[PDB]
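Below is one structure; the comments refer to it alone.
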Amino acid sequence: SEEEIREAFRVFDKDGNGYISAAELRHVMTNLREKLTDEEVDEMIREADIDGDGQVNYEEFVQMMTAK
């Protein structure tokens, strides 16, 4: 199950730069593991917003996505 969520990010990070935007993070999150509602995804995405550089590293998010 960890492999699935890593490749899911590469669908958007085609360049393989290791970064996606917060708008792409929700795109992945709504496409897989539907255990959360959109409202629940949107309230937590406020902690997972973009940095001042405008990027979010999804590799650390892989670890959080496979959490229990």
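Quick note on naming: the chains in the structure tokens go A, B, ... in the order shown, residues restart at 1 in each chain, and ligands are numbered from 1 in order of appearance.
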
| task | Select from segment 5-66 of chain A everything DSSP, run on the backbone, classes as alpha helix (DSSP H), then give the selection as a ChimeraX atom specification. | result | /A:5-10,22-31,38-44,59-65

Tell me, counting only C-alpha atoms, for each residue of segment 29-56 of chain A within 12 Å of segment 11-20 of chain A, which pair of atoms is nearest and how far apart they are in Å to one decimal, in rows ordered by chain and increasing number, as JSON lines.
```
{"residue": "A:31", "atom": "CA", "partner": "A:11", "partner_atom": "CA", "distance": 11.6}
{"residue": "A:48", "atom": "CA", "partner": "A:20", "partner_atom": "CA", "distance": 11.3}
{"residue": "A:49", "atom": "CA", "partner": "A:20", "partner_atom": "CA", "distance": 10.7}
{"residue": "A:50", "atom": "CA", "partner": "A:20", "partner_atom": "CA", "distance": 9.0}
{"residue": "A:51", "atom": "CA", "partner": "A:19", "partner_atom": "CA", "distance": 11.1}
{"residue": "A:53", "atom": "CA", "partner": "A:19", "partner_atom": "CA", "distance": 10.9}
{"residue": "A:54", "atom": "CA", "partner": "A:20", "partner_atom": "CA", "distance": 8.9}
{"residue": "A:55", "atom": "CA", "partner": "A:19", "partner_atom": "CA", "distance": 5.9}
{"residue": "A:56", "atom": "CA", "partner": "A:19", "partner_atom": "CA", "distance": 5.5}
```

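Restricting the calculation to only C-alpha atoms, the smallest distance between residue 7 of chain A and any of A:38, A:28, A:52, A:33 is found for A:28.
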
| field | For atom CA of residue 62 of chain A and atom CA of residue 2 of chain A, the interatomic separation in Å (one decimal) | value |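 If I compute the distance from atom CA of residue 62 of chain A to atom CA of residue 2 of chain A, I get 7.3 Å.
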
| Which neighbours of residue 40 of chain A fall inside 12 Å, counting only C-alpha atoms, when residues of the same chain fewer than 6 positions from it are skipped, and could you give them as a PyMOL selection string? | chain A and resi 26+29-30+34+46-47

| field | Using only C-alpha atoms: which of A:24, A:35, A:44, A:6 has the shortest distance to residue 61 of chain A | value | A:6

| field | Separation of atom CA of residue 10 of chain A from atom CA of residue 27 of chain A in Å | value | 12.3 Å

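Atom CA of residue 65 of chain A is positioned 11.1 Å from atom CA of residue 25 of chain A.
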